[PDB]
């Protein structure tokens, strides 16, 4: 069965007692024993919960993994994976342009001696080769990257990692299982911040780690319980509900993004445009090869200054100025003051992040309405 079928039906008719099509929400923190010294499949929600189990199976199926571990946030899924595979003295190799939260977590802990971290431009074969020569225990890959949507060869990185015996984990948040499948590309693990596209409705905060090896699933589950990062039952339910429309949401959002990309290619005030589909985007060839779609995330550089930017923004009404991405509603953010405000000004410029770069998480509103709304912003930027 195709991904559209899996997303819609996985977990349906789970209820064996009442014949409910949609599974109930098992909020119970505990479960009675069948008899003395005879517990059932679950004995304590923190360790195992029936509702979390259903969504874990659905997410594992969508990525083609053996099983999944749902965590309470995407950041705790990242913390779970690093906790399991790294101890003081061990080395982690991560992308030089990875998610700000991820960088901050690794940096903060490595600065305490908890483990070693090496940030590398994984697109640079020489740089990458040298990092892997240091024999890391874990290699994190994140593609496309934010906010320039730069793409790196997942299959190649995972292979080189496997060559030196490092476990590979791919943060597939930006494209979701509907537009990219890292396990099918050679990764040992794939994780997501379910807070984004998977839930798709901006009202659930959760993370997940999916593994190709069932023994690794069990190890992850063991550690998730041990440090207490398993996800809640209610969030599990809403996440599963959001998942039901994952495919049509991703296809329409992507279709909308392509329409916006095409329109922006004609705009004079668009100094630079970024999207995996653009032949000139860093790693486009790779994207065309390893992705099932180019994605709904995009970004562009407005020609002008801070007031031109404030003018542009002030002219919008269908894009909400806010953090995050992946929801059904269109959002816009200014990297220099939002996603990368925690990055040194010189660094941002050093990272190729312009002070006038705006990133758009395309929603599923009508594409022409969204484009007409951008037209209004551009009209406003050009007025003095």
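Numbering follows the first chain given and starts at 1.
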**OP:** Higher average CA B factor in the deposited record is what I'm after, so tell me if that's 62-70 or 41-49.
**Re:** 41-49
**OP:** Between 13-21 and 362-370, name whichever shows the higher mean Cα B factor according to the PDB entry.
**Re:** 13-21
Original post:
For the listed 168, 307, 230, 195, which has the peak Cα B-factor recorded in the PDB entry?
Top reply: 307
Subject >> 258, 126, 76, 181, ranked by C-alpha B-factor: the highest one >> reply: 126
**OP:** Would you mind ranking residue 174 by its C-alpha B-factor against the rest of the chain and naming the third, lowest, middle or highest?
**Re:** lowest
**OP:** Taking the values exactly as deposited, rank residue 315 by C-alpha B-factor within its chain and report the matching third: lowest, middle or highest.
**Re:** middle
Original post:
If you rank every modelled residue in this chain by C-alpha B factor, which third holds residue 8: lowest, middle or highest?
Top reply: lowest
Original post:
Considering only modelled residues of the same chain, in which third does the CA B-factor of residue 28 rank: lowest, middle or highest?
Top reply: middle
**OP:** Looking at the entry's B-factor column for C-alpha atoms only, identify whether residue 108 ranks in the lowest, middle or highest third of its chain.
**Re:** highest
